[PDB]
Every structure is written in structure tokens, then in C-alpha cells.
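Listing of coords_5.cif; format and content: mmCIF, C-alpha atoms and all ligand atoms.
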data_data
loop_
_atom_site.label_atom_id
_atom_site.label_comp_id
_atom_site.auth_asym_id
_atom_site.auth_seq_id
_atom_site.Cartn_x
_atom_site.Cartn_y
_atom_site.Cartn_z
CA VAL A 2 -36.77 47.49 -18.41
CA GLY A 3 -40.54 47.45 -18.84
CA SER A 4 -43.74 49.46 -18.66
CA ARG A 5 -47.48 49.02 -19.05
CA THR A 6 -47.48 48.61 -22.85
CA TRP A 7 -43.85 47.73 -23.68
CA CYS A 8 -40.74 45.96 -22.44
CA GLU A 9 -37.07 45.70 -23.39
CA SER A 10 -35.01 42.72 -24.51
CA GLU A 11 -32.42 41.63 -27.11
CA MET A 12 -32.36 40.07 -30.58
CA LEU A 13 -29.54 38.93 -32.85
CA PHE A 14 -28.97 41.27 -35.80
CA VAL A 15 -26.15 41.52 -38.32
CA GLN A 16 -23.83 44.50 -38.72
CA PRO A 17 -25.14 47.49 -40.73
CA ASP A 18 -22.12 47.10 -43.06
CA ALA A 19 -22.60 43.36 -43.57
CA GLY A 20 -22.90 42.15 -47.15
CA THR A 21 -21.20 45.11 -48.81
CA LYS A 22 -17.90 43.23 -49.21
CA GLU A 23 -19.00 39.82 -50.54
CA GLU A 24 -22.04 37.56 -50.28
CA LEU A 25 -22.86 36.49 -46.73
CA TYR A 26 -23.25 32.84 -45.78
CA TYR A 27 -23.91 30.87 -42.61
CA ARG A 28 -23.49 27.12 -42.22
CA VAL A 29 -26.10 25.35 -40.10
CA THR A 30 -23.83 22.39 -39.27
CA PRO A 31 -20.21 23.23 -40.07
CA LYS A 32 -17.78 20.35 -40.11
CA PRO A 33 -14.71 20.61 -37.86
CA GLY A 34 -12.25 23.02 -39.44
CA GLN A 35 -14.92 24.45 -41.75
CA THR A 36 -15.48 28.19 -41.51
CA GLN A 37 -19.07 28.63 -40.39
CA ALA A 38 -19.72 32.18 -41.63
CA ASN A 39 -18.15 35.36 -42.99
CA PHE A 40 -20.02 37.61 -40.51
CA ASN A 41 -20.87 37.73 -36.81
CA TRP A 42 -24.27 37.93 -35.16
CA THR A 43 -24.56 41.07 -33.02
CA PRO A 44 -27.19 41.41 -30.26
CA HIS A 45 -28.89 44.74 -29.75
CA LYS A 46 -31.33 46.02 -27.15
CA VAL A 47 -34.82 46.53 -28.60
CA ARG A 48 -38.02 48.00 -27.18
CA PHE A 49 -40.95 45.68 -27.92
CA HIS A 50 -44.23 47.58 -27.97
CA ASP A 51 -47.20 45.49 -26.90
CA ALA A 52 -49.65 45.18 -29.80
CA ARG A 53 -52.43 43.92 -27.50
CA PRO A 54 -53.84 47.44 -26.84
CA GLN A 55 -54.07 48.07 -30.61
CA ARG A 56 -54.35 44.47 -31.79
CA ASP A 57 -56.95 44.94 -34.53
CA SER A 58 -55.39 48.06 -36.07
CA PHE A 59 -52.40 46.31 -37.68
CA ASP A 60 -52.56 45.79 -41.41
CA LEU A 61 -50.65 43.75 -44.01
CA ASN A 62 -50.37 46.70 -46.41
CA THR A 63 -49.64 49.40 -43.82
CA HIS A 64 -47.46 47.55 -41.31
CA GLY A 65 -46.60 44.29 -43.07
CA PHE A 66 -48.28 42.11 -40.44
CA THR A 67 -51.68 41.44 -38.89
CA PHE A 68 -53.22 39.48 -36.02
CA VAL A 69 -56.41 37.56 -36.75
CA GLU A 70 -58.72 35.42 -34.65
CA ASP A 71 -58.98 31.84 -35.91
CA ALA A 72 -59.80 28.96 -33.57
CA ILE A 73 -58.84 25.42 -34.53
CA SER A 74 -59.83 22.21 -32.80
CA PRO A 75 -57.85 21.03 -29.75
CA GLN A 76 -57.48 17.67 -31.50
CA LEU A 77 -55.68 19.26 -34.44
CA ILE A 78 -53.42 21.12 -32.00
CA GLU A 79 -52.36 17.94 -30.22
CA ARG A 80 -51.88 16.13 -33.53
CA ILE A 81 -49.51 18.92 -34.61
CA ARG A 82 -47.62 18.77 -31.31
CA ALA A 83 -47.37 14.99 -31.83
CA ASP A 84 -45.46 15.62 -35.09
CA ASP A 85 -48.28 14.23 -37.25
CA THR A 86 -47.03 15.11 -40.74
CA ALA A 87 -50.32 14.12 -42.39
CA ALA A 88 -52.22 16.38 -39.99
CA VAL A 89 -49.95 19.30 -40.89
CA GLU A 90 -49.93 18.85 -44.67
CA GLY A 91 -53.66 18.12 -44.84
CA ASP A 92 -55.99 19.72 -42.32
CA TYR A 93 -53.67 22.47 -41.10
CA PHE A 94 -52.54 23.52 -44.59
CA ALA A 95 -56.22 23.75 -45.51
CA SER A 96 -56.83 25.79 -42.35
CA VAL A 97 -54.04 28.24 -43.21
CA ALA A 98 -55.11 28.60 -46.85
CA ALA A 99 -58.71 29.32 -45.81
CA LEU A 100 -57.58 31.87 -43.23
CA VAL A 101 -55.37 33.75 -45.70
CA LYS A 102 -58.21 33.74 -48.23
CA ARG A 103 -60.56 35.17 -45.58
CA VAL A 104 -58.06 37.88 -44.64
CA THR A 105 -56.88 38.96 -48.10
CA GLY A 106 -59.48 37.75 -50.58
CA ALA A 107 -56.74 36.06 -52.60
CA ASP A 108 -57.62 33.63 -55.39
CA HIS A 109 -54.94 31.01 -54.71
CA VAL A 110 -52.82 30.07 -51.67
CA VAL A 111 -49.97 27.52 -51.69
CA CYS A 112 -48.64 26.37 -48.32
CA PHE A 113 -45.10 25.06 -47.94
CA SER A 114 -42.23 24.53 -45.51
CA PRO A 115 -44.01 23.90 -42.18
CA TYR A 116 -41.92 24.23 -39.02
CA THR A 117 -43.12 23.08 -35.60
CA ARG A 118 -40.99 24.70 -32.90
CA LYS A 119 -40.37 24.03 -29.22
CA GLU A 120 -38.12 25.89 -26.79
CA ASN A 121 -34.98 23.77 -26.49
CA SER A 122 -36.34 21.11 -28.84
CA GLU A 123 -34.23 18.21 -30.13
CA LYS A 124 -35.12 18.71 -33.81
CA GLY A 125 -32.43 21.31 -34.54
CA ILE A 126 -32.39 25.06 -34.91
CA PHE A 127 -35.37 25.09 -37.27
CA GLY A 128 -37.48 23.29 -34.66
CA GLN A 129 -36.58 25.97 -32.12
CA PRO A 130 -37.50 29.66 -31.78
CA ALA A 131 -35.64 31.92 -34.18
CA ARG A 132 -33.15 34.22 -32.47
CA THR A 133 -31.87 36.12 -35.55
CA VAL A 134 -33.93 38.93 -37.08
CA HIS A 135 -34.96 37.96 -40.57
CA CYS A 136 -37.42 38.09 -43.45
CA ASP A 137 -37.93 34.60 -44.83
CA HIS A 138 -37.44 35.46 -48.52
CA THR A 139 -35.61 37.95 -50.68
CA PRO A 140 -37.45 38.87 -53.90
CA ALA A 141 -35.31 36.33 -55.78
CA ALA A 142 -36.28 33.57 -53.32
CA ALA A 143 -40.02 34.31 -53.43
CA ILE A 144 -39.91 34.33 -57.24
CA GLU A 145 -37.90 31.10 -57.33
CA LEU A 146 -40.29 29.41 -54.89
CA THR A 147 -43.23 30.30 -57.16
CA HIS A 148 -41.60 28.56 -60.13
CA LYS A 149 -40.57 25.67 -57.89
CA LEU A 150 -44.05 25.11 -56.45
CA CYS A 151 -46.35 26.30 -59.26
CA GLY A 152 -44.49 25.06 -62.34
CA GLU A 153 -46.13 26.03 -65.62
CA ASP A 154 -48.60 28.34 -63.89
CA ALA A 155 -45.78 30.44 -62.38
CA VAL A 156 -45.60 33.02 -65.18
CA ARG A 157 -49.40 33.28 -65.34
CA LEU A 158 -49.67 33.68 -61.56
CA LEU A 159 -46.88 36.28 -61.37
CA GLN A 160 -48.85 38.59 -63.68
CA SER A 161 -51.16 39.24 -60.71
CA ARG A 162 -50.59 40.34 -57.10
CA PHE A 163 -47.97 38.06 -55.53
CA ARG A 164 -47.29 37.95 -51.79
CA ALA A 165 -45.53 35.53 -49.46
CA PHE A 166 -46.57 35.13 -45.82
CA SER A 167 -45.35 33.47 -42.65
CA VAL A 168 -48.46 32.27 -40.79
CA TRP A 169 -47.59 31.71 -37.13
CA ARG A 170 -49.73 30.11 -34.41
CA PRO A 171 -48.96 29.20 -30.78
CA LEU A 172 -49.41 25.53 -29.90
CA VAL A 173 -49.36 26.07 -26.12
CA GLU A 174 -51.13 29.07 -24.66
CA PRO A 175 -50.62 31.69 -23.65
CA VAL A 176 -47.21 32.49 -25.09
CA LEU A 177 -45.08 33.98 -22.32
CA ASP A 178 -41.41 33.46 -23.17
CA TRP A 179 -39.89 33.69 -26.66
CA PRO A 180 -42.83 35.45 -28.34
CA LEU A 181 -42.65 36.25 -32.04
CA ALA A 182 -41.84 39.93 -32.52
CA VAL A 183 -42.69 41.88 -35.67
CA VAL A 184 -41.56 45.25 -36.99
CA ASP A 185 -43.51 48.01 -38.72
CA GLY A 186 -42.50 47.62 -42.35
CA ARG A 187 -42.55 51.37 -42.86
CA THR A 188 -39.66 51.61 -40.38
CA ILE A 189 -37.38 49.22 -42.30
CA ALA A 190 -34.77 51.13 -44.28
CA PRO A 191 -33.21 49.53 -47.38
CA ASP A 192 -29.82 49.58 -45.63
CA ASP A 193 -31.30 47.34 -42.89
CA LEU A 194 -31.60 44.36 -45.25
CA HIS A 195 -28.76 41.87 -45.76
CA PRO A 196 -29.16 38.67 -47.83
CA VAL A 197 -27.54 35.67 -46.15
CA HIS A 198 -27.17 32.21 -47.67
CA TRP A 199 -28.22 29.60 -45.11
CA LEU A 200 -26.15 26.53 -46.00
CA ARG A 201 -27.95 23.45 -44.71
CA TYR A 202 -25.69 21.48 -47.08
CA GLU A 203 -22.14 21.92 -48.35
CA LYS A 204 -23.11 24.38 -51.11
CA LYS A 205 -25.79 27.02 -51.63
CA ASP A 206 -29.04 25.28 -52.60
CA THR A 207 -31.67 28.06 -52.85
CA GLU A 208 -32.00 31.81 -53.02
CA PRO A 209 -31.45 33.47 -49.63
CA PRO A 210 -33.56 35.21 -46.98
CA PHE A 211 -32.92 38.66 -45.54
CA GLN A 212 -31.19 39.20 -42.23
CA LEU A 213 -31.63 42.59 -40.59
CA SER A 214 -29.29 45.05 -38.95
CA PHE A 215 -30.56 47.15 -36.07
CA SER A 216 -31.86 50.69 -36.45
CA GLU A 217 -33.36 53.02 -33.87
CA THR A 218 -35.99 53.94 -36.48
CA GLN A 219 -37.41 50.41 -36.39
CA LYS A 220 -40.63 50.15 -34.37
CA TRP A 221 -40.85 46.61 -32.99
CA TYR A 222 -44.03 44.95 -31.73
CA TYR A 223 -45.10 41.77 -29.96
CA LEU A 224 -48.49 40.40 -28.94
CA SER A 225 -48.26 39.70 -25.22
CA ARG A 226 -49.81 36.45 -23.96
CA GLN A 227 -50.66 35.27 -27.47
CA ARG A 228 -53.15 32.40 -27.56
CA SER A 229 -53.65 29.42 -29.86
CA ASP A 230 -56.63 31.21 -31.42
CA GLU A 231 -54.57 34.35 -32.25
CA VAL A 232 -52.69 33.92 -35.54
CA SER A 233 -49.78 36.08 -36.70
CA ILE A 234 -49.48 36.71 -40.44
CA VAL A 235 -46.12 38.27 -41.32
CA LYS A 236 -45.50 39.46 -44.88
CA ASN A 237 -42.21 38.29 -46.39
CA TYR A 238 -42.77 39.69 -49.89
CA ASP A 239 -45.25 41.85 -51.80
CA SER A 240 -45.28 42.65 -55.51
CA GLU A 241 -47.50 45.72 -55.02
CA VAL A 242 -46.20 49.11 -53.88
CA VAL A 243 -47.63 49.52 -50.37
CA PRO A 244 -46.30 51.37 -47.30
CA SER A 245 -44.85 48.09 -46.00
CA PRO A 246 -43.28 46.06 -48.83
CA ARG A 247 -42.34 43.54 -46.13
CA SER A 248 -42.09 43.02 -42.40
CA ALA A 249 -39.47 41.10 -40.39
CA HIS A 250 -39.69 38.86 -37.36
CA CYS A 251 -37.72 37.15 -34.60
CA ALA A 252 -38.15 35.90 -31.04
CA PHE A 253 -36.79 37.39 -27.82
CA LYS A 254 -36.31 36.43 -24.18
CA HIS A 255 -39.10 38.09 -22.20
CA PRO A 256 -37.62 39.64 -19.03
CA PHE A 257 -40.75 39.24 -16.88
CA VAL A 258 -41.67 35.56 -17.26
CA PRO A 259 -40.71 32.99 -14.59
CA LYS A 260 -37.61 30.94 -15.33
CA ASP A 261 -39.63 27.74 -14.81
CA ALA A 262 -42.28 28.69 -17.39
CA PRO A 263 -43.14 25.81 -19.73
CA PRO A 264 -41.44 25.85 -23.14
CA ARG A 265 -42.92 27.91 -25.93
CA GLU A 266 -44.39 25.72 -28.69
CA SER A 267 -45.74 26.89 -32.03
CA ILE A 268 -46.12 26.11 -35.72
CA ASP A 269 -45.41 28.43 -38.63
CA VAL A 270 -45.97 27.69 -42.31
CA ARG A 271 -45.10 29.72 -45.39
CA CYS A 272 -47.58 30.45 -48.14
CA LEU A 273 -47.56 31.93 -51.64
CA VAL A 274 -50.53 34.27 -52.10
CA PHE A 275 -51.88 35.28 -55.52
CA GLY A 276 -54.62 37.88 -55.92
CA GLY A 277 -56.56 39.68 -53.23
CA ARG A 278 -56.18 43.12 -51.67
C1 LIG A 301 -33.12 29.63 -37.59
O1 LIG A 301 -33.49 29.86 -38.94
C2 LIG A 301 -34.37 30.91 -39.03
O2 LIG A 301 -34.46 31.79 -38.18
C3 LIG A 301 -35.16 30.91 -40.19
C4 LIG A 301 -35.89 29.72 -40.18
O3 LIG A 301 -36.28 29.25 -39.12
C5 LIG A 301 -36.18 29.05 -41.37
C6 LIG A 301 -36.88 27.85 -41.31
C7 LIG A 301 -35.78 29.50 -42.56
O4 LIG A 301 -36.00 28.93 -43.77
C8 LIG A 301 -34.97 29.40 -44.68
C9 LIG A 301 -34.34 30.63 -43.96
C10 LIG A 301 -35.10 30.72 -42.64
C11 LIG A 301 -36.11 31.88 -42.71
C12 LIG A 301 -34.23 30.92 -41.40
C13 LIG A 301 -33.47 32.25 -41.46
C14 LIG A 301 -33.90 28.32 -44.89
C15 LIG A 301 -33.05 28.06 -43.63
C16 LIG A 301 -34.58 26.99 -45.27
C17 LIG A 301 -35.87 27.15 -46.09
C18 LIG A 301 -35.75 28.40 -46.93
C19 LIG A 301 -36.83 28.38 -48.09
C20 LIG A 301 -38.19 27.88 -47.58
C21 LIG A 301 -36.33 27.38 -49.14
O5 LIG A 301 -37.05 29.65 -48.71
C22 LIG A 301 -36.00 30.50 -48.83
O6 LIG A 301 -36.36 31.57 -49.33
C23 LIG A 301 -34.70 30.36 -48.37
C24 LIG A 301 -34.64 30.62 -46.85
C25 LIG A 301 -35.62 29.72 -46.06
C26 LIG A 301 -36.95 30.43 -45.77
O1 LIG A 302 -41.36 30.86 -34.48
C1 LIG A 302 -40.26 31.45 -34.49
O2 LIG A 302 -39.54 31.66 -33.50
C2 LIG A 302 -39.76 31.97 -35.84
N1 LIG A 302 -40.74 31.92 -36.90
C3 LIG A 302 -40.47 32.38 -38.12
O3 LIG A 302 -39.36 32.83 -38.42
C4 LIG A 302 -41.53 32.32 -39.17
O4 LIG A 302 -42.67 32.09 -38.78
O5 LIG A 302 -41.17 32.52 -40.33
FE FE A 303 -39.29 33.42 -40.35
#
Would you encode the structure as C-alpha cells?
Ligand SMILES: COC(=O)[C@@H]1C(=O)C(C)=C2O[C@@]3(C[C@]2(C)[C@H]1C)[C@@H](C)CC[C@H]1C(C)(C)OC(=O)CC[C@@]13C
Ligand SMILES: O=C(O)CNC(=O)C(=O)O
Ligand SMILES: [Fe+3]
Amino acid sequence: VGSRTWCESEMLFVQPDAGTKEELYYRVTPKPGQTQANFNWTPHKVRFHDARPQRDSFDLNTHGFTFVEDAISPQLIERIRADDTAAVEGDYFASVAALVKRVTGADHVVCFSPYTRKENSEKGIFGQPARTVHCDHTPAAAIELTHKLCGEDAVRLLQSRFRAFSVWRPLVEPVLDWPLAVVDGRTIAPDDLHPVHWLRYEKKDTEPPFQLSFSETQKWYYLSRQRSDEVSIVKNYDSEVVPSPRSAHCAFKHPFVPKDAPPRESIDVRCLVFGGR
């Protein structure tokens, strides 16, 4: 069930055949009588290798994710936990942009779609830990988001290196239950990716993310006891040919934490990244 540098748990994948018949969709809030989806979630046992022994060796180009040290003020943390929208869109956005610039040397970072999450929150499934394995954007979604958020500069910006990141930070520390797991992007096969339209409304409103199916080739990681100063940067898209075109991420129930542990809290924001290495 567990060892010194790894443990076992479960995450919700999709079937390895899913999406070959027709386009997959999932309704967030189906009305009574409305079919919620044309596919089933399927849990699968996964071995989560602790990244803590090798924390600094993980790379956005090689693995598709990285862990970086970046302390922010306690006052900003409590403002974020207090659902201060101005604190998120102002100071924290600026924090995330500066961090990504530090890490990648990019010329321009655009933050969007912040999500503050709490174990068994009351803000819905997007304010709660993610239980389905996913990559936030397909190529079509990352490209669309660039036009949506950059307007006239989109074509100019897309002539250079274009990446999309999920930047994840714990709000209470250390993270024990429901940590954010990440997979080595070199161990994702093309057949593991399945676009799924997430219908927050009646009809499809954007381009879709990827959901993953399980493979034994996948090498899954987590950073045990992650602290508020340890930031996870997970690559959702990359326009350059690198060993990891993308990573994927999801949370899992840790089998060795007390039942009465306090709820996991965190904030993740997405960002478009132009330039850099
Ligand atoms: C429990 O839901 C999750 O596990 C994930 C999640 O928590 C969130 C917040 C999501 O945002 C998505 C899809 C995911 C990754 C889901 C799968 C949808 C639901 C709304 C915002 C869009 C958007 C920003 C317009 O960009 C898109 O490319 C379309 C897909 C996302 C990224
Ligand atoms: O925090 C979680 O459980 C899930 N987070 C994400 O999917 C993300 O950062 O894109
Ligand atoms: Fe995500």
C-alpha cells in the first residue's frame, strides 16, 4: 500500500476506448431527465512516487512539470482564503506572472481563470479538489484562449514559443490529503488523451480539455507534505517539440493521513506563456 518513497491510491480516468465513437461530453449540473454524459468515469489504482527526494530535478521540458520555491506573505494567503477577488486578480496574478518569468524567462505572461479550492467546499466542483485525471487544455483550447485573451496580438504572439501552465499553490500547509499528482509527460501515450466537453451550460461554450485513460506506462508523482512556499507548475500545452509536450494532473485520497485531518485548501491559476526557454 505504501513504502518509503511512494504510496498507492486511486484516481478517476476515462476508458481507453472513450472518444473514438463520438465527441465526449459531461454536464456539470444536469437537469432532471437530462443525460449527464456519454461515458463513465473509471477509477484505477495508481502508484504515486514521492517527488520530495528528487524535488529539484523535475523540468518543464523534460517532465512537463516543476516544483519551485516561492514564498508569499501570510497576509496575501489569508486574503485569498477569504475569497478576496481583488487580492487574487491583482497581487496574486502579479506574483504568478513574476514567478513564471523567473522560471522560464518568458517575455509575456497572462493569468486567467483562478480557482480557490477547499476539501468539501460549498462553491461547487470547481472549488473542490479535482478527482478526474486531466490536462486543462487541448491544443484547440489553448489557441482559442490566446485569441480570447490577447485579441489583436494573438497572431503576433503565436509566432513565438507558446505554453500554457497551471500554477498550483497550497493555502494551508502542509498538504496531507488530496495532494495534486502529476505525471511524467514522456510517459503519456497519444492514446491516453481524450477530449471531453465540460458543459457548465446547456450547450458547448469553449474548446475542451483532455481527460486521460490509465496506462501502466504512466509514471505518476506527488510532492508529499507540500507547503505554501512550494509551487507546482504543470504544463498544459507547449508549441515547441520537447520530451514532454504536456503533463497531466489530478488529486487522490492519501491512504496514510488521519481521517480527521483538516481540509486541503489551495489556489491554482492558469497562464498563457509567450517566449522563454
Ligand atoms: C472538476 O473540473 C476539473 O477537474 C477541471 C477543473 O477544475 C477546471 C476548473 C477546468 O476548467 C475547464 C476544464 C477543467 C480543467 C476541469 C476538467 C472548464 C471546466 C472551465 C474552464 C475551461 C477554460 C479555462 C475555459 O479553458 C478550457 O480550455 C476549457 C476547459 C477548462 C480549463
Ligand atoms: O487543485 C486541484 O485539485 C486541481 N487543480 C487543477 O486541476 C489545476 O491546477 O489545473
Ligand atoms: Fe487542472
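Among the candidates A:108, A:177, A:227, A:12, the residue lying nearest to residue A:120 is A:177 (atoms considered: all atoms listed in the file).
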Give one line per residue of chain A that approaches ligand LIG 301 (chain A) to at most 8 Å, naming the two atoms of the closest pair and their distance in Å to one decimal, counting only C-alpha atoms and all ligand atoms; sort by chain then ascending residue number and deliver it as JSON lines.
{"residue": "A:113", "atom": "CA", "partner": "A:LIG301", "partner_atom": "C20", "distance": 7.5}
{"residue": "A:114", "atom": "CA", "partner": "A:LIG301", "partner_atom": "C20", "distance": 5.6}
{"residue": "A:116", "atom": "CA", "partner": "A:LIG301", "partner_atom": "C6", "distance": 6.6}
{"residue": "A:126", "atom": "CA", "partner": "A:LIG301", "partner_atom": "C1", "distance": 5.3}
{"residue": "A:127", "atom": "CA", "partner": "A:LIG301", "partner_atom": "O3", "distance": 4.6}
{"residue": "A:128", "atom": "CA", "partner": "A:LIG301", "partner_atom": "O3", "distance": 7.5}
{"residue": "A:129", "atom": "CA", "partner": "A:LIG301", "partner_atom": "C1", "distance": 7.4}
{"residue": "A:130", "atom": "CA", "partner": "A:LIG301", "partner_atom": "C1", "distance": 7.3}
{"residue": "A:131", "atom": "CA", "partner": "A:LIG301", "partner_atom": "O2", "distance": 4.2}
{"residue": "A:132", "atom": "CA", "partner": "A:LIG301", "partner_atom": "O2", "distance": 6.3}
{"residue": "A:133", "atom": "CA", "partner": "A:LIG301", "partner_atom": "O2", "distance": 5.7}
{"residue": "A:134", "atom": "CA", "partner": "A:LIG301", "partner_atom": "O2", "distance": 7.2}
{"residue": "A:135", "atom": "CA", "partner": "A:LIG301", "partner_atom": "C13", "distance": 6.0}
{"residue": "A:136", "atom": "CA", "partner": "A:LIG301", "partner_atom": "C11", "distance": 6.4}
{"residue": "A:137", "atom": "CA", "partner": "A:LIG301", "partner_atom": "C11", "distance": 3.9}
{"residue": "A:138", "atom": "CA", "partner": "A:LIG301", "partner_atom": "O6", "distance": 4.1}
{"residue": "A:139", "atom": "CA", "partner": "A:LIG301", "partner_atom": "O6", "distance": 6.6}
{"residue": "A:142", "atom": "CA", "partner": "A:LIG301", "partner_atom": "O6", "distance": 4.5}
{"residue": "A:143", "atom": "CA", "partner": "A:LIG301", "partner_atom": "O6", "distance": 6.1}
{"residue": "A:146", "atom": "CA", "partner": "A:LIG301", "partner_atom": "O5", "distance": 7.0}
{"residue": "A:198", "atom": "CA", "partner": "A:LIG301", "partner_atom": "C24", "distance": 7.7}
{"residue": "A:199", "atom": "CA", "partner": "A:LIG301", "partner_atom": "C15", "distance": 5.3}
{"residue": "A:200", "atom": "CA", "partner": "A:LIG301", "partner_atom": "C15", "distance": 7.5}
{"residue": "A:201", "atom": "CA", "partner": "A:LIG301", "partner_atom": "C15", "distance": 7.0}
{"residue": "A:207", "atom": "CA", "partner": "A:LIG301", "partner_atom": "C23", "distance": 5.9}
{"residue": "A:208", "atom": "CA", "partner": "A:LIG301", "partner_atom": "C23", "distance": 5.6}
{"residue": "A:209", "atom": "CA", "partner": "A:LIG301", "partner_atom": "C23", "distance": 4.7}
{"residue": "A:210", "atom": "CA", "partner": "A:LIG301", "partner_atom": "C24", "distance": 4.7}
{"residue": "A:211", "atom": "CA", "partner": "A:LIG301", "partner_atom": "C13", "distance": 7.6}
{"residue": "A:212", "atom": "CA", "partner": "A:LIG301", "partner_atom": "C13", "distance": 7.4}
{"residue": "A:251", "atom": "CA", "partner": "A:LIG301", "partner_atom": "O2", "distance": 7.2}
{"residue": "A:271", "atom": "CA", "partner": "A:LIG301", "partner_atom": "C20", "distance": 7.5}
Can you tell me which residues surround residue A:157 at a distance of at most 12 Å, considering all atoms listed in the file, apart from same-chain residues fewer than 4 positions away, and format the answer as a ChimeraX atom specification?
/A:147-148,151-153,161-163,275-276
Just-selected residues, C-alpha atoms written as a compact mmCIF listing (two decimals), keeping the file's coordinate frame:
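part.txt, written as the output of this step:
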# COMPACT_ATOMS: atom_id res chain seq x y z
CA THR A 147 -43.23 30.30 -57.16
CA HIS A 148 -41.60 28.56 -60.13
CA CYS A 151 -46.35 26.30 -59.26
CA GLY A 152 -44.49 25.06 -62.34
CA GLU A 153 -46.13 26.03 -65.62
CA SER A 161 -51.16 39.24 -60.71
CA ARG A 162 -50.59 40.34 -57.10
CA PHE A 163 -47.97 38.06 -55.53
CA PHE A 275 -51.88 35.28 -55.52
CA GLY A 276 -54.62 37.88 -55.92
Near stretch 47-51 of chain A, 10 Å: stretch 133-195 of chain A residue rows, closest pairs, all atoms listed in the file, as a tab-separated table:
residue	atom	partner	partner_atom	distance
A:182	CA	A:49	CA	7.4
A:183	CA	A:49	CA	8.8
A:184	CA	A:49	CA	9.1
Report, in Å with one decimal, the straight-line distance from atom CA of residue A:196 to atom CA of residue A:237.
13.1 Å
By how many Å are atom CA of residue A:175 and atom CA of residue A:229 apart?
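If I compute the distance from atom CA of residue A:175 to atom CA of residue A:229, I get 7.3 Å.
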Rank nothing, just name the residue among A:21, A:121, A:96, A:233 nearest to ligand LIG 302 (chain A), using all atoms listed in the file.
A:233
Point (-59.8, 41.9, -48.3), cut-off 7 Å, counting only C-alpha atoms, residues as JSON, numbers by chain
{"A": [104, 105, 106, 277, 278]}
